[PDB]
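Trainee:
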Amino acid sequence: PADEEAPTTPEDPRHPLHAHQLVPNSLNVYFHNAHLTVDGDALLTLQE
Amino acid sequence: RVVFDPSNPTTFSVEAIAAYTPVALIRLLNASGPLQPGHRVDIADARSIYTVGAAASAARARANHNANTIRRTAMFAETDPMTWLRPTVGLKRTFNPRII
Amino acid sequence: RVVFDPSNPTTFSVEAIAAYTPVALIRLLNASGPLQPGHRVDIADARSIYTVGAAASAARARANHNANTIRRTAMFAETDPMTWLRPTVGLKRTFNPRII
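If you're matching them up, the sequences are chains A, B and C in order.
Our numbering runs 58 ahead of the 1-based position in the first sequence.
Our numbering runs 633 ahead of the 1-based position in the second sequence.
Our numbering runs 633 ahead of the 1-based position in the third sequence.
1) Report buried or exposed for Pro59 (chain A), applying the criterion of at least 16 other Cβ atoms within 10 angstroms of its Cβ.
2) Measure the C-alpha to C-alpha separation of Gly686 (chain B) and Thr644 (chain B) and round it to an integer number of angstroms.
3) Can you check which of these residues, C:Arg634, C:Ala652, C:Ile703, is closest to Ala694 (chain C) by C-alpha distance?
4) In angstroms, rounded to a whole number, what distance separates the CA positions of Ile732 (chain C) and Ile703 (chain C)?
5) Out of C:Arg719, C:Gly671, C:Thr706, state which residue places its alpha-carbon closest to the alpha-carbon of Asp638 (chain C).
6) Please tell me whether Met715 (chain C) and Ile676 (chain B) are closer than 7 Å, where the distance is taken between their beta carbons.
7) What is the DSSP secondary structure of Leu658 (chain B), counted as helix, strand or coil?
8) Return the chain-ordered list of same chain residues with a C-beta closer than 6 Å to the C-beta of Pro68 (chain A), the five sequence neighbours on each side being excluded.
9) Give me the subset of the region 644-665 of chain B whose CB atoms are less than 8 Å from a CB atom of chain A, sorted by chain position.
10) Can the beta-carbon of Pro82 (chain A) be found less than 7 Å from the beta-carbon of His73 (chain A)?
11) What residue range is occupied by the uninterrupted alpha helix (DSSP H) comprising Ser646 (chain C)?
12) To the nearest angstrom, how far is it from the Cα of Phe709 (chain C) to the Cα of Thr727 (chain C)?
13) Whole angstroms is fine: what's the gap from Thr654 (chain C)'s alpha carbon to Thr654 (chain B)'s?
14) Counting only beta-carbon separations shorter than 7 Å, does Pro639 (chain C) have a partner in chain B?
15) Comparing alpha-carbon positions, which option in A:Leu104, A:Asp97, A:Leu85 lies nearest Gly723 (chain C)?
16) Under the assumption that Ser646 (chain B) contacts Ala679 (chain B) (Cβ atoms under 8 Å), give the Cβ distance between them as a whole number of angstroms.
17) Taking the C-alpha atoms as reference points, what is the distance between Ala649 (chain C) and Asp99 (chain A)?
18) Just the Cα atoms here: how many angstroms apart are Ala692 (chain C) and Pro667 (chain B)?
19) Let me confirm a value: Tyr88 (chain A) is counted as buried when at least 16 other C-beta atoms fall within 10 Å, else exposed. Which label applies?
20) Could you tell me which chain C residues have their CB closer than 7 Å to the CB of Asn83 (chain A), listed as they occur along the chain?
21) Within the continuous alpha helix (DSSP H) that includes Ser665 (chain C), where are the two ends?
22) Whole angstroms is fine: what's the gap from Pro642 (chain C)'s alpha carbon to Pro642 (chain B)'s?
23) List, in chain order, every chain B residue whose beta-carbon is nearer than 8 Å to that of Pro670 (chain C).
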């Protein structure tokens, strides 16, 4: 939601690097394969 | 769903699908078309539809974020029809755009 | 309990017994086979039953944590029935499988 801050640490639930978001065959697995704790507000920008 | 069918998705339901369950769905099927409906057609088009569909899917999915994210402004000089009386400036998109 | 019987464990009785108990049961028991009641079976299955039974008891004992863990998925390439239209990818299990 648009009421709080964005997630920071990879052990955070709302973070793309938690255990949850590791959906098989998602482009998130590469960034976690590479062990790059980058957040989603960057991932959002690949669309443009 | 639309896997045993000749190019029948045609960029229609794929965008109606979200950005999580479609990839969570292709990983669910365990077989392809024996009669090859979506395979007898030249696969060249069987590829060029799913991709753009997923593209528009993610696009409309993030279109909601345009409510809590700023209007992306030009980052270069890009001379303006009002570039007289003031010189244009770029903007390096370094800030965190997530408003509060 | 089970020291004096030939192959009667047979990963059936000990199957339901816990994990911390048989480790406790065997340091607990202090009896040698007087009639060789379970010692008539040689080393061939003297320990085989015990090891397979401990495996069954651990599996039944560790099956509980599966209710709050992530699904074990492909660790390697492991081509898919939907190998086309997207490349199958492994997944390093370097994350913590303990869900909130």
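Quick reminder that beta carbons are idealized off the backbone N, C-alpha and C, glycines included.
Mentor: Here's the rundown:
1) As a working note, residue 59 (chain A) is residue 1 in the first sequence. So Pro59 (chain A) counts as exposed.
2) For the purposes of this step, residue 686 (chain B) is taken as the residue at position 53 of the second sequence. For the purposes of this step, residue 644 (chain B) is taken as the residue at position 11 of the second sequence. Rounded to the nearest angstrom, the two C-alpha atoms are 5 Å apart.
3) Position 61 of the third sequence holds residue 694 (chain C). It is C:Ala652 whose Cα lies nearest to the Cα of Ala694 (chain C).
4) Start at 1 with the first residue of the third sequence, and residue 732 (chain C) comes out as number 99. Start at 1 with the first residue of the third sequence, and residue 703 (chain C) comes out as number 70. Near 7 Å, if we compare the C-alpha coordinates of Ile703 (chain C) and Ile732 (chain C).
5) By one-based count along the third sequence, residue 638 (chain C) stands at place 5. When only C-alpha atoms are compared, the closest one is C:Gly671.
6) The residue given as residue 715 (chain C) occupies position 82 in the third sequence. The residue given as residue 676 (chain B) occupies position 43 in the second sequence. Result no, Cβ atoms of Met715 (chain C) and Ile676 (chain B) do not sit closer than 7 Å.
7) Mapped onto the second sequence, residue 658 (chain B) falls at position 25. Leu658 (chain B) falls in the helix class under three-state DSSP.
8) Numbered from its first residue, the first sequence carries residue 68 (chain A) at position 10. Result list for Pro68 (chain A): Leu75, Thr95, in chain order.
9) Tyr653, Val656, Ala657, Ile659, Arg660
10) Taking the first sequence and counting its residues from 1, one reaches residue 82 (chain A) at position 24. Taking the first sequence and counting its residues from 1, one reaches residue 73 (chain A) at position 15. Their beta carbons are not under 7 Å apart, which means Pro82 (chain A) does not touch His73 (chain A) by this criterion.
11) Mapped onto the third sequence, residue 646 (chain C) falls at position 13. Note, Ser646 (chain C): alpha helix (DSSP H), 646-649.
12) Position 76 of the third sequence, counting from 1, holds the residue named residue 709 (chain C). Position 94 of the third sequence, counting from 1, holds the residue named residue 727 (chain C). Using only the alpha carbons, I get a separation of about 14 Å.
13) The count along the third sequence starts at 1 and reaches residue 654 (chain C) at position 21. The count along the second sequence starts at 1 and reaches residue 654 (chain B) at position 21. So the two alpha carbons sit approximately 44 Å from each other.
14) Position 6 of the third sequence, counted from the first residue, corresponds to residue 639 (chain C). Not an interface residue.
15) Here residue 723 (chain C) refers to the residue found at position 90 when the third sequence is read from its first residue. The shortest Cα separation from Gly723 (chain C) among A:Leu104, A:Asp97, A:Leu85 belongs to A:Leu85.
16) By 1-based counting over the second sequence, the position of residue 646 (chain B) is 13. By 1-based counting over the second sequence, the position of residue 679 (chain B) is 46. So it is not a contact: roughly 16 Å between Cβ atoms.
17) Position 16 of the third sequence holds residue 649 (chain C). Position 41 of the first sequence holds residue 99 (chain A). Spanning the two alpha carbons is a distance of roughly 50 Å.
18) Stepping through the third sequence from its first residue, residue 692 (chain C) is reached at position 59. Stepping through the second sequence from its first residue, residue 667 (chain B) is reached at position 34. Near 39 Å, if we compare the C-alpha coordinates of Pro667 (chain B) and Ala692 (chain C).
19) Taking the first residue of the first sequence as 1, we reach residue 88 (chain A) at position 30. Flag for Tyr88 (chain A) reads exposed.
20) Along the first sequence, read from residue 1 onward, the residue named residue 83 (chain A) stands at position 25. Per Cβ cutoff of 7 Å: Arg719, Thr721, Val722.
21) Mapped onto the third sequence, residue 665 (chain C) falls at position 32. No alpha helix (DSSP H) contains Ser665 (chain C), which DSSP labels as neither H nor E.
22) What you label residue 642 (chain C) is simply residue 9 of the third sequence in a count that begins at 1. What you label residue 642 (chain B) is simply residue 9 of the second sequence in a count that begins at 1. Approximately 58 Å between the Cα atoms of the pair.
23) The residue labelled residue 670 (chain C) in the question sits at position 37 within the third sequence. Near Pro670 (chain C) there are no residues of chain B at all, since even the closest Cβ is about 51 Å away, more than 8 Å.
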